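One structure below.
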Amino acid sequence: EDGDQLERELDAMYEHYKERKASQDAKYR
Amino acid sequence: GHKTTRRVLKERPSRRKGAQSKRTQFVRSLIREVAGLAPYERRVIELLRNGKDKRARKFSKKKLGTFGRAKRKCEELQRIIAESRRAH
Amino acid sequence: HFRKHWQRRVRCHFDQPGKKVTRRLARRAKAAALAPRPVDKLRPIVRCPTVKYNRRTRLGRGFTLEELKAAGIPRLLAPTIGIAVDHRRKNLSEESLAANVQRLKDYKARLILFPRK
Amino acid sequence: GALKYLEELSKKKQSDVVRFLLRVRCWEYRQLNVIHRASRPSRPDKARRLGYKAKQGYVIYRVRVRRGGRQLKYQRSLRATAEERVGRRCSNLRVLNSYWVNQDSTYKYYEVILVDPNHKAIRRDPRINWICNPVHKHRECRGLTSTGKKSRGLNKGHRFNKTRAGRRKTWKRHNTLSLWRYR
Amino acid sequence: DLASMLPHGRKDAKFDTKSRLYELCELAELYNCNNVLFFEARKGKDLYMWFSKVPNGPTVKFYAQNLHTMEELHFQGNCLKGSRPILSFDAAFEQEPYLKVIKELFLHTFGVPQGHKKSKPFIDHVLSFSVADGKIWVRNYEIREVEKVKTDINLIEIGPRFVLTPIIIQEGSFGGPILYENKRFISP
Amino acid sequence: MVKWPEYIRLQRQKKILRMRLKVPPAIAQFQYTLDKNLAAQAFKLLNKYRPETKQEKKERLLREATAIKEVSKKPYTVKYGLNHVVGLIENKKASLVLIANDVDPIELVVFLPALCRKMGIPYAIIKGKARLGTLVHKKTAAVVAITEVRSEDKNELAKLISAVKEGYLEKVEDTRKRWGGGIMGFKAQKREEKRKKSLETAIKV
Amino acid sequence: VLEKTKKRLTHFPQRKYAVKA
Amino acid sequence: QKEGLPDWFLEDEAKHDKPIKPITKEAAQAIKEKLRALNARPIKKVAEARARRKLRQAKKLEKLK
Amino acid sequence: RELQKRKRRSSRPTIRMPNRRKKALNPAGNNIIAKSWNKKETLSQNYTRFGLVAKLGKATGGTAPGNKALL
Amino acid sequence: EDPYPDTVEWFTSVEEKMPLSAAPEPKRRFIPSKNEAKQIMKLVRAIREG
Amino acid sequence: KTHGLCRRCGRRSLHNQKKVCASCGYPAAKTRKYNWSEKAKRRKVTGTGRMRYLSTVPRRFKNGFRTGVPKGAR
RNA sequence: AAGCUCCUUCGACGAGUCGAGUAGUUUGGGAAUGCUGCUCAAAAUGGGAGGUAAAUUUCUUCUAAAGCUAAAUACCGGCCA
RNA sequence: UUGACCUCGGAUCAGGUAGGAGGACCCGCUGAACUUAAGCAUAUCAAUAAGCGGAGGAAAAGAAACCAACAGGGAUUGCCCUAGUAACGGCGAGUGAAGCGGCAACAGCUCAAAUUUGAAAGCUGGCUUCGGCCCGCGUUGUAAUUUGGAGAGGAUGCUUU
Ligand SMILES: [Zn+2]
């Protein structure tokens, strides 16, 4: 109804994308 | 100069300095209620309701850039105050 | 006064007599198509604007709607019978109206208008 | 008469309704490609008055161009580069006009109206079949659109002496030494 | 230049030509100003200066010419920005009744009130008004002190140099009856 | 984890954004529509006044042509078309107006409820521009209207007018002036509380 | 050609005329 | 509005909706002074930088020889 | 220049363009003007014979003594 | 201040009982369709010609 | 060596490392041409080769680009 | 289908566009000559330009931000003469 | 469960289209320095050369948000004079128009803003026996009517095809 589950899924991929895009530095790691 | 017999000329339809179309005023009034107000007009509305008419004109000119534009915008928002009080 | 590269922009008019023949042949071509009609269009008499030239008259662009109606020539038929129409010029004085109305009646007296088909 | 109501609404771009719609739409365009086809004009009144019809052959492509300067200032407009880039992607179409839809602080968003000259609907219909003639190829590249006319200065008066009828052509005319036969 | 010498005055941007002359009154009422120094240009060539008392006071219209502003490198003088000046008036201002009205308006426009908190404490320049032709000549000088020979004052021009020819004086802020006409003004 | 397609992610993000953002009243009012019963009762009358299809119109034209080769009452039908319906509202000819709730550019219909109210025309918001489309044999109708019905349906239309203005217009008399949105779930509330506690000690500016 | 253009040419076509000297 | 909006929405605007305003050099210098560390310029570190400087010209002079 | 040299060197024939003209220079048909028009005279000379007027504008130069087609 | 104030209905609260347009109604709105007659006559010509 | 045979123009001007022709720029769609060398332009201009198709255009224009066969032909 | 005539009825005209501020460039042209970028951001007896000391900013003249159009004009290239 | 709509995709799907050359003339972008003069610098060469993009037989411009202050002119373009004038420049080197006027040529129009609403009256396909049929586009607007020196709607009477 309020989209709690849909939001949780969407934020999950956003964090994964940010972590993956930041981990290709090797100095960030 | 020379003396010639002047003539009376027909009115030009290109003249927009007559009674303007009643429908466009209706559309403007309706749309203004629907759309709402801009952030800078909200500041002017608060100033006019608080009684700071002088500050309202000065702020409006800074945003608009002309004394005439500031005067028309302050007059327009003054009417909204009068109508909103009447509506309430 | 040759501080720029004038040599690359120098126009010589060695085609002055050639262009005149070309212009004369173009005028003949219009007469070939519009065989009985004149190759020009009737134009009104107007006064020059400036006070330097206001004592002299010349030809205008086209006839005003008011002076075309006073002559007795319909608007939509005037460009068809060889009369130029200018919708931008105003009369502003009876002198300009009378001069061009009389010009139109003189044109109507000399006209030979053929049946449509 | 819905388009007259839309004209007034588009005049109040900072109003609560328009600001809200422009905020959400700006985010959506940013998630999409730089140049992508819009199935429908987002400002139907603005598209209509610029010459858009709902026929087969009329398309809208919207595009965002990075804003700012090169301290040098580009003599053409950001709207001119938007039209030129869309025309290159749709090389078979003819650019008709373009209009502003959104700005943002990093980009600037326009919607471009294009007409297909090889479509039967366009060719049979007057009022648009003039664009089918070959003298109208890549008008946006030559400055023949509305933005190009403004940039070139094609206006009448004493404030446009140097640039009307072509700036470069006027310079050549004023700097040509003419010698007649009988001097 | 005139705004710098006036600590009690403020600058204002371009004013609409199609508006009304008494719209200057509520404009000045907006900023709590009771004196208006109005610059009016025609054809981008001519200058007209108006001095007025904003609510109701008299208003005088001049034609300004022979303008020599600051930043022209032939003056060699300087003065404090906002310092209280000495106003040098001519004897003609005391006799002609219309020149007496202009004298009071000038004293209000260039007064620099005594206790103003934007002025400067020490006095070093004199603003002089002279009437030689049917015109008012405005000059600004620096009071330079020199030790006397066994201190005397020497003057050096520092500022704007312009000529004012009175066109009209009207009672009322920017209207009302005409109380003086030049009858000899030759328009550019 | 598993990666969703780009266009599926985009339209799902818009669904969450629609309920998270605080929407202005002129767009908030489009959230409130009529119930299942009122929609069915409206479409029952509206179906009896459906315009003739492309095939039916040709057959009627062929019938008259054949008769002449070898005097009618004014047709009554549902009016559709945004420019058409707006002119009917401005001229106070539309008895009842139904507006879709999902017009892709919302600015095309955002003024319609206010215009209907200003003229005194009863109006309702119907879930589905496609549902309105089937009524007029189109893919999509932004707005439909009824000007005049036949004598046998004059009483039916009048009852539906009262039903809408009682069942729908009174229910939104206070909510049409209010901002919509603000449906924060548990995850959103945790983010907001976390945001506050990150600024409780120091505020970098 | 456009229908409005055709109507104008239908009822106001170019005529044949002459001017006497 | 910022209160109840997801990170992917807000972080997108923070990147692309920063107002463009001029920065004075005095403001830039103060920030550099304010954020300067306490061990940025010890006597030792400045000494090596000058010593490293003199070597580079000394070596460059040799390539010239 | 290189194209012109190539054509002069080639064995292909030269495409001699006939002197065709966009606009005809003489009236044609079975009307009064076409049957009375003299190809060797000028516009004014032909109109003067016809008794008609050729130019309704102002005379821009000196005409022939017998000219009656220029007003 | 109120970040999200309600809209005070200062224009639509006043009912007006007249159409916005004073233009006269065309005759065609009161009579059978001229266009439909033209379409039918085209169909009649087709039927007669076969 | 530094340059090999170019396929588009036939000269030994194709750089072996850059893989770009120094004369015509073969990988690029357009042919290299510069206005500061008029001699270079006239060496490769139209008319310096065979002119297979464009030589046949003028005769077709002279006859109006007509289509068909002469009347009475076999 | 079309032109006109008359009138106790109507008559919709283009917005991140003008405009103000600022930077660069440009022009014989700081009423900024024009253009572009950035900040702000309009109007409806409206808007633009100009005339005018003439006593108030009266008067004159046009209608921007949509579009098409032959001819007189240029031509070291193309087909020829 | 089924079925619409929206949006986004696949296909060696049915039919099309663009690229390259040429570039004398034409429309834009970008863009110098040698040189000339002056204590210096701006200026000059030049809004040129080089570089990039885009057309045609011409291109471009074009039917006034114009010129004017007149007893007014009346889209655009070009020639002649205006004129080395106004105007801008240590009022250096210098730079440098335009209105009027004579002439060549002349041509005017299309939309958006309206409800056909007593009848989407409009159009792309592809199957044909070439008679005509269906698939769709489209009401978030395709026809007819109108384009502000106008116009609409009624009434009236001639005229026109
Ligand atoms: Zn090669």
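Values reported hereafter were calculated over all heavy atoms of this structure, with side chains retained and with hydrogens, waters and symmetry mates removed. The chains referred to below are lettered A, B, ... by the order of the sequence lines, with proteins before strands, and numbering in each begins at 1.
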Considering only [options], which nucleotide approaches the side chain of [X] most closely?
X	options	result
C:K90	L:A53, L:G67, L:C62	L:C62
D:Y74	M:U30, M:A114, M:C137	M:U30
D:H119	L:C80, M:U124, M:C100	M:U124
D:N175	M:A47, M:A97, M:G22	M:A47
D:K53	M:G16, L:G78, M:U142	M:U142
B:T24	M:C103, L:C13, M:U124	L:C13

If only side-chain N and O atoms of [X] are considered, is one of them under 4.0 Å from the OP1 or OP2 phosphate oxygen of [N]?
X	N	result
D:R159	L:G29	no
D:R76	M:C27	no
D:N161	L:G29	no
D:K46	L:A66	yes
C:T50	M:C100	no
E:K43	L:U52	yes
D:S178	M:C80	yes
D:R142	M:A61	no

Please name the nucleotide paired to [N] by Watson-Crick or G-U wobble geometry with both distances under 3.5 Å, or report none.
N	value
L:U36	L:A23
L:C6	M:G154
L:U63	L:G46
M:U85	none
M:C133	M:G126

Is any side-chain N of the basic residue among D:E84 and D:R89 closer than 4.0 Å to the acidic one's carboxylate O?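 Here D:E84 does not pair with D:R89 in a salt bridge, since their nearest N and O are not under 4.0 Å apart.
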Can you tell whether the side chains of F:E52 and F:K57 come within less than 4.0 Å, N to carboxylate O?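 Salt bridge absent between F:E52 and F:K57.
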For E:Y48 and E:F185, take the angle between the two ring planes, folded into 0 to 90°, and tell me which bin it lands in: parallel under 30, tilted 30 to 60, perpendicular over 60.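 Geometry flag for E:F185 against E:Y48: perpendicular rings.
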Taking atom types as they are modelled, is there a donor-acceptor pair under 3.5 Å from the base of M:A75 to the side chain of C:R61? yes
Using only heavy-atom distances, decide whether a donor-acceptor pair under 3.5 angstrom links the side-chain of D:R168 to the base of M:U30.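 When only heavy-atom distances are counted, D:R168 does reach the base of M:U30 through a donor-acceptor pair under 3.5 Å.
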Rounded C1' spacing from L:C13 to M:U146 in Å: 12 Å
Say you pick atom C1' in L:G47 and the same atom in M:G53; how far apart are they, in whole Å? 38 Å
Please tell me which of C:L76 and D:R49 maps to the more 5' nucleotide of RNA chain M, matching each residue to the nucleotide holding its nearest heavy atom. C:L76
